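>>> give me a model of this one.
(chains A, B and C)
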Amino acid sequence: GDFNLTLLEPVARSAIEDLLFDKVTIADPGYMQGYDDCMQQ
Amino acid sequence: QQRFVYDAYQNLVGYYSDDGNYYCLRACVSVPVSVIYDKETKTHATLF
Amino acid sequence: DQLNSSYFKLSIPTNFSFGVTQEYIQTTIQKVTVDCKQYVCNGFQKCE
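Residues are numbered from 1 along each chain as shown, chains lettered A, B, ... in the order given. Let me share the structure:
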């Protein structure tokens, strides 16, 4: 209602949840094809 | 002018040759292997 | 200040504010499996 929960609402991750991941620096896990990306790519 | 190039890890990541075509050296990466086995089935699934 | 009387002094706020306290709890760690044969011996039989 009057209280705004849009930040906590799923966009699915929520906006604050996505923002925290973006702010933190994390190397791409590449679980599906990471070994291939390191080689030819 | 210098020949083989090394990273901070000291792994050989680069090489220089008389031809002048630069070659990046990457060690033969191993392919990860894991076994998914169920005793009741007595069968296994290879995992990469 | 405490009062030497039946009446007692009370300190009570006439204004209110809302603030958010942020806390992080680490419930998981990265899971790592090491291939001992490649890492320890670099694929060399004499080391094995």
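
>>> would you mind naming what in chain C lies close to chain B?
C:33, C:35, C:38 (CB under 8 Å from any CB of the partner chain). For every residue, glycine as well, the C-beta is placed using N, CA and C.

>>> how about chain A?
A:35, A:38, A:39.

>>> contacts for whatever helix or strand the second one lives in?
Going back to what we said before, that points to residue A:38. Assessed by DSSP states H and E, residue A:38 sits inside helix A:34-39. For helix A:34-39, contacts defined as CB atoms under 8 Å, 6 or more residues apart in numbering or on different chains pick out A:28, A:30, B:26, B:29, B:31, B:32.

>>> follow-up on the earlier one: now flag whichever of the residues of chain A next to chain B is closest to chain C.
Among the residues of chain A next to chain B, residue A:35 lies closest to chain C (CB to the nearest CB), at 12.5 Å.

>>> spit out the contact partners of residue C:37.
C:43, C:48.

>>> and it, helix, strand or coil?
helix (DSSP: H, G, I helix; E, B strand; the rest coil).

>>> any idea how far it is from residue B:28?
According to CB to CB, to the nearest Å, residue C:37 and residue B:28 sit 14 Å apart.

>>> how long is stretch B:9-25 end to end?
Using CA to CA, to the nearest Å, the end-to-end distance of stretch B:9-25 comes out at 14 Å.

>>> in that stretch, what counts as buried?
Residues of stretch B:9-25 include none that count as buried (16 or more other CB atoms under 10 Å in any protein chain shown).
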